[PDB]
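Asks: pasting an experimental structure, sequence included:
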Amino acid sequence: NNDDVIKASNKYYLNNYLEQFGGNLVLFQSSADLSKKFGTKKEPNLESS
Amino acid sequence: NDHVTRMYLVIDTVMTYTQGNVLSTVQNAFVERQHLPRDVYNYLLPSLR
């Protein structure tokens, strides 16, 4: 960590490592609770969550 | 005098001693701004760029 250093003119990347998570589950935020029955087409029904 | 004219001299070391490849014999000496041959010039090209 000392300050005694000489600048390096040429520098280039040598090694590349990649870490990834393939699986992507789809999250879903919904104020309405799907457990409760929805209202019929003409008449709806919501009960929050 | 009418018969003699004095002149002073300073030895020109470069011409007298440095002729030929003598300078190439120097060992472990810091160098700077040296014209490069083709092999190393191509080898060192990225550093100069």
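Replies: Right, received. Where do you want to start? Numbering: from 1, shown residues only, chains lettered A, B, ... in the order given.
Asks: what's in contact with the helix or strand that contains residue B:42?
Replies: Following DSSP states H and E, one finds residue B:42 within helix B:38-48. Defining contact as Cβ atoms under 8 Å, 6 or more residues apart in numbering or on different chains, one finds that helix B:38-48 is touched by A:9-10, B:36. All C-beta spots, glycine's among them, are computed from the backbone N, C-alpha and C.
Asks: now tabulate the residues you listed in JSON lines and tack on distance to residue A:16, neighbour count and secondary structure.
Replies: Formatted as JSON lines, those follow (distance: Cβ to Cβ, whole Å; neighbours: other Cβ atoms under 10 Å in any protein chain shown; DSSP: H, G, I helix; E, B strand; the rest coil):
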{"residue": "A:9", "distance to residue A:16": "22", "neighbour count": "9", "secondary structure": "coil"}
{"residue": "A:10", "distance to residue A:16": "18", "neighbour count": "9", "secondary structure": "coil"}
{"residue": "B:36", "distance to residue A:16": "32", "neighbour count": "12", "secondary structure": "coil"}
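Asks: how many residues are close by residue A:47?
Replies: Neighbour count for residue A:47, taken as other Cβ atoms under 10 Å in any protein chain shown: 10.
Asks: check residue A:32 too.
Replies: 13.
Asks: still on that earlier bit, send the alpha carbons of the helix holding residue B:42 over as CSV?
Replies: This file holds the C-alpha atoms of helix B:38-48, laid out as CSV (Å, rounded to 0.1, in the frame of the first residue of the first chain):
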residue,chain,number,x,y,z
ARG,B,38,12.8,-3.6,-36.6
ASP,B,39,12.3,-6.8,-34.6
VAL,B,40,12.1,-5.0,-31.2
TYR,B,41,10.2,-2.1,-32.7
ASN,B,42,7.5,-4.4,-33.9
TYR,B,43,7.7,-6.2,-30.5
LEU,B,44,7.5,-2.9,-28.6
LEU,B,45,5.0,-1.2,-30.9
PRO,B,46,2.0,-1.3,-28.5
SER,B,47,4.1,0.3,-25.7
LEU,B,48,5.0,3.3,-27.9
